[PDB]
Amino acid sequence: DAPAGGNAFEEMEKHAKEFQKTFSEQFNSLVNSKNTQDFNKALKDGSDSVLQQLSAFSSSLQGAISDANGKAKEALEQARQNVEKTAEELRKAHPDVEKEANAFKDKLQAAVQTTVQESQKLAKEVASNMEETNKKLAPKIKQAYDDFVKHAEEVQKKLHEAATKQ
């Protein structure tokens, strides 16, 4: 068997998690910034950006809850807002990291590492495969899959140029 089902979408948490260690390694480059009470603000622009960027896939599951056929529309509703708040969690601030500029960057790095723990709950949830009808969530889990590798490094892209501006 193979061309019918059984592939399981658990690999989504594997490729997504592996992509979480890529941004955690770049954030270390941010430390290489200036120091005049005006070097962290730019760090919040690149970090607060990955929040709305990675928080975008969260809306990809809504398609399954927008018309799910079972008790999954709810489980898929949490992974959506649950993973959307973990990233946008620090998106509620902005003037604080630039004001204290103490350790506001770790807020995002620690917020992304969690987005991976969420893929574990949704990975085992759809892993059951005991729905036998919720095939609409199939194309809903592969949505974040591509949004995880693209958003995960979303911060490593700016963070890198953030430690050297320009």
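Structure: above.
Residues numbered from 1 in each chain as written, not as in the entry; some residues may be left out. Heavy atoms only, no water.

Student: What's the story with the side chain of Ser-60 in this structure? I'm lost.
Tutor: When you line up the elements, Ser-60 lands in helix 2 (residues 41-65). In terms of polar contacts, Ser-60 uses its side chain to reach the side chain of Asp-147, at 3.3 Å. Discounting residues that sit within four places of it in the chain, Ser-60 has contacts with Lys-140, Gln-143, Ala-144 and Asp-147. (Helix = DSSP H or I, 4+ residues; strand = E, 2+ residues; numbered from the N terminus. Polar contact = N/O pair within 3.5 Å; in protein donor to acceptor, adjacent residues only side chain to side chain. Contact = heavy atoms within 4.5 Å.)

Student: Would you explain unusual backbone geometry in this entry?
Tutor: In terms of backbone geometry, most residues other than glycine have negative phi values and most peptide bonds are trans. Positive phi, close to 65°, is recorded for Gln-37, a residue that is not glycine. Within the secondary structure, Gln-37 sits in the loop between helix 1 (11-30) and helix 2. By relative accessible area, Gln-37 is classed as exposed at 64%. Here the phi dihedral of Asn-129 falls at roughly 70°; this positive angle occurs in a residue that is not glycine. Within the secondary structure layout, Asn-129 lies in the loop between helix 5 (105-127) and helix 6 (138-162). (Buried < 20%, exposed > 50% of the residue type's maximum accessible area, 1.4 Å probe, protein only.)

Student: Help me out: how do you make sense of the pattern of salt bridges in this one?
Tutor: Where charged atoms of side chains with opposite charge meet at close range, the side chains can pair. Taken as a whole and assessed by the stated rule, the structure comprises 3 salt bridges. In this structure, the salt-bridge partner of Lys-41 is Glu-98, at a minimum N-O distance of 3.2 Å. Here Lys-41 is found in helix 2, whereas its partner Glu-98 is found in helix 4 (residues 95-99), with 57 residues between them in sequence. By relative accessible area, which is 43% here, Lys-41 ends up partly exposed. Residue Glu-98 is classed as buried on the basis of its relative accessible area, which comes to 17%. Among the salt bridges present, the one from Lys-44 reaches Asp-48, with a minimum N-O distance of 3.1 Å. (Salt bridge = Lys/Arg side-chain N within 4 Å of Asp/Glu carboxyl O.)

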